[PDB]
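Inside the fold
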2 protein chains.
Amino acid sequence: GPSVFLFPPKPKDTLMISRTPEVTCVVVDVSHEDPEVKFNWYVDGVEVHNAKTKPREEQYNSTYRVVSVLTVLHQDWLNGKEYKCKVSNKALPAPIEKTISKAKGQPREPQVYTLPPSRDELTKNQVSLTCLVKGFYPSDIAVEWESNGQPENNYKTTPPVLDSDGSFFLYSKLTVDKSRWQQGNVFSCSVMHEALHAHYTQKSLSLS
Amino acid sequence: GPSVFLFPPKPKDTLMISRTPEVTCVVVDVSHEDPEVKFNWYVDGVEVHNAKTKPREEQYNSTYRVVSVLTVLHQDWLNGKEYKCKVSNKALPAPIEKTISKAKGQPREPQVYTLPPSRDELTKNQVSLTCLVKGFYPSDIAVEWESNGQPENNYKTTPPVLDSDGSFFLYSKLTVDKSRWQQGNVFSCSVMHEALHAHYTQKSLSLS
Ligand SMILES: *[C@@H]1O[C@H](CO[C@@H]2O[C@@H](C)[C@@H](O)[C@@H](O)[C@@H]2O)[C@@H](O[C@@H]2O[C@H](CO)[C@@H](O[C@@H]3O[C@H](CO[C@H]4O[C@H](CO)[C@@H](O)[C@H](O)[C@@H]4O[C@@H]4O[C@H](CO)[C@@H](O)[C@H](O)[C@H]4NC(C)=O)[C@@H](O)[C@H](O[C@H]4O[C@H](CO)[C@@H](O)[C@H](O)[C@@H]4O[C@@H]4O[C@H](CO)[C@@H](O)[C@H](O)[C@H]4NC(C)=O)[C@@H]3O)[C@H](O)[C@H]2NC(C)=O)[C@H](O)[C@H]1NC(C)=O
Ligand SMILES: *[C@@H]1O[C@H](CO[C@@H]2O[C@@H](C)[C@@H](O)[C@@H](O)[C@@H]2O)[C@@H](O[C@@H]2O[C@H](CO)[C@@H](O[C@@H]3O[C@H](CO[C@H]4O[C@H](CO)[C@@H](O)[C@H](O)[C@@H]4O[C@@H]4O[C@H](CO)[C@@H](O)[C@H](O)[C@H]4NC(C)=O)[C@@H](O)[C@H](O[C@H]4O[C@H](CO)[C@@H](O)[C@H](O)[C@@H]4O[C@@H]4O[C@H](CO)[C@@H](O)[C@H](O)[C@H]4NC(C)=O)[C@@H]3O)[C@H](O)[C@H]2NC(C)=O)[C@H](O)[C@H]1NC(C)=O
């Protein structure tokens, strides 16, 4: 019947002390027949009571969806604590358990390189600015572009890819009008990751 | 009872005339009580009988696994014809129908750009050669590297990523010994895609 999906905090939230990371427990296919759901949360086995469950709400299919959110401490998530969400419902003979933690494995520092557009690309009115981020472990990561403190609209980032040494890599393509590039504007790829010092680094790229 | 799996040809196979693309119809779980299986092939609903089907091989889970291979015409697959493999078994109330055809959508031509390693990366013994392939549709594509006409296989390629204008892009990373890069060896990124002229193009990258 009702299924449960447990989601981790956003990388950004866990890596910036100013932000609040939370684990999210989503119960779907809750039926009108038995629409009561109780959540029990556990951090490394020990129960906790600061979860806020949202009021259940109807779906376009006539099931109910119901979500419980548990704020987590940056250090706890980064230190590898296990978060367990226990879901009990009258239609469930025995509760459903999902437990989640950060990716296991030795953390590896990302190397961040910026690559300008190929010469060939200057025959267009738009050009490709490239951020190559490689050698990192946990795949969990945030990569963003900006120019003079302002975030850039047109960019897309590949999913992380398992490289041969077992680290991950990825690329982010930033698209700007050629004039912006030829004007000598400075663009910046920002990267946030746990094995980075102060969880953050940025590399610049402009026309020299 | 018996299950049927229909497999598309490899992009690279459909794309190079000197290669042989084929659609593969795998039937698993055929009982020893109802072993006789017959294949009927239909291109755009028109039956064909040039399928080489291998004699049934016995597994370890008591069932057999028969394979039928249809060598398809390059042009055919690429013109979007529909390959219907119809397997008959006596343990079936009705003969299963599995059909397949190449992805639909307006074909778009990939732009291919080679990008040398950031200067920052020359502090390493290994460097990263980057191929940017963008603006293609069908996300079906083959990307490969070589040097001196010989394949260079220490590379990893990202999945196609849906870009903001509806087409796909990707990146291929080729890792070589810095010493090879600085002796000025020429590496080449070969792309194969249906929307390319002659279904092939290549860009080279060497020390500048
Ligand atoms: C009635 O409707 C509801 C609402 O659904 C909505 O219906 C209409 C309107 C359509 O628009 C739907 O697309 C729309 O969602 C239905 O509820 C849905 O139920 C399905 C399953 O039936 C769920 O699918 C799961 O999706 C998760 C990931 O979901 C995230 O991303 C989705 C899109 O990518 C997004 O839609 C979700 O909102 C969710 O988004 C995340 O949410 C959190 C919290 O807000 C947020 O922090 C994130 O930022 C956000 N992220 C993203 C990407 O947006 C997917 O992971 C599930 O896959 C698991 O299960 C599969 C088998 O069941 C299996 O193939 C996968 O491998 C995986 O299995 C797990 O695997 C791991 C390891 O691999 C293992 O450890 C686990 O044990 C294992 N779990 C198993 C096997 O159970 C899965 O595909 C939808 O999320 C859900 N939609 C919503 C919005 O709630 C409902 O089904 C409908 N009722 C009926 C009967 O049809
Ligand atoms: C008895 O044994 C046989 C085989 O023996 C085997 O060997 C023993 C010793 C064990 O080690 C076992 O490995 C195994 O028992 C069993 O037969 C198997 O049956 C399973 C299903 O139970 C099949 O799984 C399917 O796999 C396909 C993809 O298959 C390719 O990749 C596999 C790895 O993923 C690989 O193992 C296969 O060999 C195969 O390899 C490809 O072969 C082609 C042929 O030329 C070649 O071109 C390719 O290059 C090559 N690829 C490689 C090597 O990379 C997978 O696609 C199927 O997934 C679909 O179906 C699933 C349900 O089964 C479903 O969960 C998925 O979502 C997916 O569903 C699809 O959904 C979409 C959307 O609707 C739709 O487009 C699809 O049509 C739909 N498919 C549906 C609905 O059918 C699937 O998982 C195995 O291939 C098969 N093994 C072999 C080798 O034939 C048998 O089950 C055993 N009987 C028992 C248990 O009693």
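Residues numbered from 1 in each chain as written, not as in the entry; some residues may be left out. Chains lettered and ligands numbered in written order. Heavy atoms only, no water.

Method of determination for the deposited model, per the PDB record: X-ray crystallography, at 2.201 Å resolution.

**Brief notes about the interface of chain B and chain A**
Put simply, the test is: Should any heavy atoms of two residues lie within 4.5 Å, those residues are counted as being in contact. A simple way to read buried area is as the amount of 1.4 Å-probe accessible surface that goes missing from two parts once joined, with both sides added. Whenever a carboxyl oxygen of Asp or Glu lies within 4 Å of a side-chain nitrogen of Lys or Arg, that contact is scored as a salt bridge. Under the rule applied, a polar contact is a pair of N or O atoms within 3.5 Å (in protein, one hydrogen donor and one hydrogen acceptor; residues adjacent in sequence only if both atoms are side-chain atoms). Runs of E in the DSSP output that reach at least two residues are strands. Runs of H or I that reach at least four are helices, and both are numbered from the N terminus. All residues other than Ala, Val, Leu, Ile, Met, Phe, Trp, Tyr, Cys, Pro, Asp, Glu, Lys and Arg, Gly among them, are scored as polar; the first ten of these are nonpolar and the last four charged.
The interface is formed by 28 residues belonging to chain B together with 28 residues belonging to chain A. It is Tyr113, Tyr171 and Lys173 of chain B in chain B that bury the most area against chain A; as a group they hold 26% of the surface buried on that side. At the junction of chain B with chain A, the criterion picks out three salt bridges. One salt bridge in this structure joins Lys173 of chain A and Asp163 of chain B, with 2.7 Å as the shortest N-O distance. One can count six residue pairs in polar contact joining chain B with chain A. Breaking the side of chain B that touches chain A down by element, the ones donating at least two residues are β9 (111-115), β10 (126-136), β13 (155-157), β14 (161-162) and β15 (168-177) of chain B. Residue composition of the side of chain B that touches chain A, by class: 10 nonpolar, 10 polar and eight charged.

**Considerations on the sheet that holds strand β6 (residues 64-71) of chain B**
Residue and element names in this part refer to chain B. Selection rule: The pairing criterion for strands is at least two bridges between them, as found by DSSP. Lines are fitted to the C-alpha atoms to define the axes, a helix being fitted only along its stretch in contact, and any angle between axes, read from their N-to-C directions, falls within 0 to 180 degrees.
With antiparallel pairing, four strands are arranged side by side in an open sheet as β1-β2-β6-β5. Whereas interior strands pair on both sides, the edge strands pair on one side only; in this sheet they are β1 (3-7) and β5 (52-58). Taking each pair of neighbouring strands and ignoring which way they run, the sheet shows an average axis angle of 15 degrees. Note that strand β2 (residues 22-30) and β6 share eight bridges and pair antiparallel. Bridge pairing in β6 links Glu22 to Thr71.

**Side note on the domain arrangement of chain A**
Residue and element names in this part refer to chain A. Rule in force here: In this document the domain limits rely on a domain assignment from an automatic tool or a database.
Along its sequence, chain A is carved into domain 1 (2-101) and domain 2 (102-208). Centre-to-centre separation of domain 1 and domain 2, based on C-alpha positions: 33 Å. Every contact between the two is made by eight residues of domain 1 and, on the other side, 11 residues of domain 2. Buried surface at the junction of domain 1 and domain 2, both sides included, amounts to about 860 Å², of which 66% is carbon and sulfur. On the domain 1 side of the interface with domain 2, the three residues burying the most area are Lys12, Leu15 and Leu78, jointly 54% of the side's total. Counting the contacts that link domain 1 with domain 2 gives one salt bridge. The shortest N-O distance in the salt bridge between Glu144 and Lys12 comes to 2.8 Å.

**Remarks on the sheet that holds strand β9 (residues 96-100) of chain A**
Within a sheet, neighbouring strands are paired by backbone hydrogen bonds and run either parallel or antiparallel to one another. Residue and element names in this part refer to chain A. Reading across from one edge, β4-β3-β8-β9 is the order of the four strands in this open sheet, with antiparallel pairing throughout. Edge positions in the sheet fall to β4 (46-48) and β9, since each of these pairs with one other strand and no more. On average, adjacent strands in this sheet sit at an angle of 30 degrees to one another, irrespective of strand direction. Bridge count between strand β3 (residues 37-43) and β4: three bridges; the pairing is antiparallel. Considered in β4, the bridge of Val43 is made with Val46.

**Considerations on the relation of the copies chain B and chain A**
The second copy of the chain is related to the first by a rotation about an axis and a shift along the axis. Short version of the rule: For this overlay, the copies are fitted by least squares on their C-alpha atoms.
Superposition of chain B onto chain A requires a rotation of 177 degrees combined with a translation of 1.3 Å along the rotation axis, giving an RMSD of 1.1 Å. A rotation of that kind, with that shift, is consistent with a two-fold axis. Every residue of chain B has its C-alpha some distance from the rotation axis, and the shortest such distance is that of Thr158 of chain B, at 2.8 Å. Looking at the interface residues of chain B, 100% of them are also at the interface in chain A, so both copies use one shared face.

**Quick notes on the UniProt feature "disulfide bond" in chain A**
All names here are of chain A. Here is the rule we go by: Two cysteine sulfur atoms make up a disulfide if the distance between them is within 2.5 Å. UniProt positions are given in the numbering used here, feature names are shortened, and annotations may be inferred rather than shown by experiment. Classification of residues uses two cut-offs on accessible area relative to the type maximum, computed with a 1.4 Å probe and protein chains only: under 20% is buried, over 50% is exposed, and between them is partly exposed.
Of the UniProt disulfides, the one joining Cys25 and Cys85 is satisfied here, as the sulfur distance of 2.0 Å falls under 2.5 Å. Residue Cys25 is located in strand β2 (residues 22-30), and its partner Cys85 is located in strand β8 (residues 83-89); the two are separated by 60 residues in the primary sequence. A residue is classified by how much of its surface remains accessible, and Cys25, at 0% relative accessible area, is buried. At 2.0 Å, the distance between the sulfur atoms of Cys131 and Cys189 falls under 2.5 Å, matching the disulfide given in UniProt. Here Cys131 is found in strand β11 (residues 126-136), whereas its partner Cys189 is found in strand β17 (residues 187-192), with 58 residues between them in sequence. By the burial criterion, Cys131 is buried, and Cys189 matches it.

**Re the pairing of strand β7 (residues 83-88) of chain B**
Residues and elements named next belong to chain B. The alternating pattern of β7 places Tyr83, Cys85 and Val87 on a buried face and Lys84, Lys86 and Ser88 on a face that is not buried. Of the pairings in the sheet, the one linking strand β3 (residues 38-43) to β7 comprises six bridges and is antiparallel in character. When the bridges of β7 are listed, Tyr42 appears paired with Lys84. The sheet contact formed by β7 and strand β8 (residues 96-100) spans five bridges and is antiparallel. Each bridged residue has a counterpart across the sheet, and for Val87 the counterpart in β8 is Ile96.

**Observations concerning the state of the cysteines**
Taken as a whole and judged by the stated rule, the model has four disulfides over all chains. Linked covalently through their sulfurs, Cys131 of chain A and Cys189 of chain A form a disulfide whose S-S length is 2.0 Å. Sign of the S-S torsion, about -80 degrees for the bond between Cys131 of chain A and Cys189 of chain A, identifies this disulfide as left-handed. A disulfide bridge connects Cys25 of chain B with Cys85 of chain B, and the sulfur atoms are separated by 2.0 Å. Taking the sign of the S-S torsion, -85 degrees for the link of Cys25 of chain B and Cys85 of chain B, the bridge is left-handed. Each bonded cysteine in chain A gets a number by its place in the sequence, and the pairs come out as 1-2, 3-4.

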